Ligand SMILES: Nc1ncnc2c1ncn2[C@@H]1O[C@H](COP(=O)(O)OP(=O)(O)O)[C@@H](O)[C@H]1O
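Below you'll find only one chain, the form deposited without ligand ADP, shown as structure tokens.
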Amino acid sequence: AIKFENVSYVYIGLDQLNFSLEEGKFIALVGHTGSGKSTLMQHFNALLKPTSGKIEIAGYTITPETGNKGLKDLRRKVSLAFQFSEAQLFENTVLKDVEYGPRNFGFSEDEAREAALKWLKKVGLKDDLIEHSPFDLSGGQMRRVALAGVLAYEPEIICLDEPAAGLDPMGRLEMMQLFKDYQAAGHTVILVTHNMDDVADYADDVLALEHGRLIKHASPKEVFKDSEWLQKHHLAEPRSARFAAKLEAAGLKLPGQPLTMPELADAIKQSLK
């Protein structure tokens, strides 16, 4: 699991985070801008150490006096994909760029190549664009190459800061389904996002932050249960939730909680029958 035991960070800041994310779920990390989502994300792989408290992630204890050695095996298991992760592309070819991570984490040149080729197939990159320069690709292709570079060494836990931002709707759907398949294969996906439709569609657990404190840790149905609480705590609903609220305001009784759009359509159909 990922246990945070009274975790704080100062100098954008965290204050007494207590949660236990279980292994194998799709966790959404929500909250307003500046609520400390990026700080918590960087705490997941000890880029930032806590000022007080313990982190139990991937069999590793992270403490305020945690050194900078032994983080290679932590970062081999816990991977972060930063926002605009295509910025980090630097290598001569696409394949060398993807296998930079595995070769960093002790993969052999044969193992890193096979891992890179598998994950370049998985992120949906064309086979001829392998051995091209990373700077000669399109924006979506560079995003896919960056996502393959952080998934090639098969991390146990992957933390994503807006991984499908600014993408084709089919490309956005394909990336979110890539992460859903990756979680369905036995891994933990943490999605730091401001979108709420993907939180409704894919997340099993939701971490809500507000000014650096954990304000809710529940399923998306329980997080989006009441609209007053989210508006008070600077959180948005999915559009299906807002439309269900507009239907209840009119007076249509909707069975279940319609967080997604097919669920909302099914609720409208059954509410008409």
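Residue numbers run from 1 along the displayed sequence.
What follows is about the form deposited with ligand ADP bound, which we do not show.
Judged by the 2.4 Å clash test against backbone and C-beta atoms, the pocket of this chain is blocked once ligand ADP is superposed from its pose in the deposited bound form, as three or more ligand atoms violate the cut-off. Contact annotation: of the candidates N68, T33, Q231, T61, the single residue with a non-hydrogen atom within 4.5 angstroms of ligand ADP in the deposited bound form is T33. Stretch-level contact analysis of 34 to 42, 52 to 60, 214 to 222, 231 to 239 against ligand ADP in the deposited bound form, using heavy atoms and a 4.5 Å limit, identifies 34 to 42. The shortest heavy atom separation between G13 and ligand ADP in the deposited bound form is within 4.5 Å.
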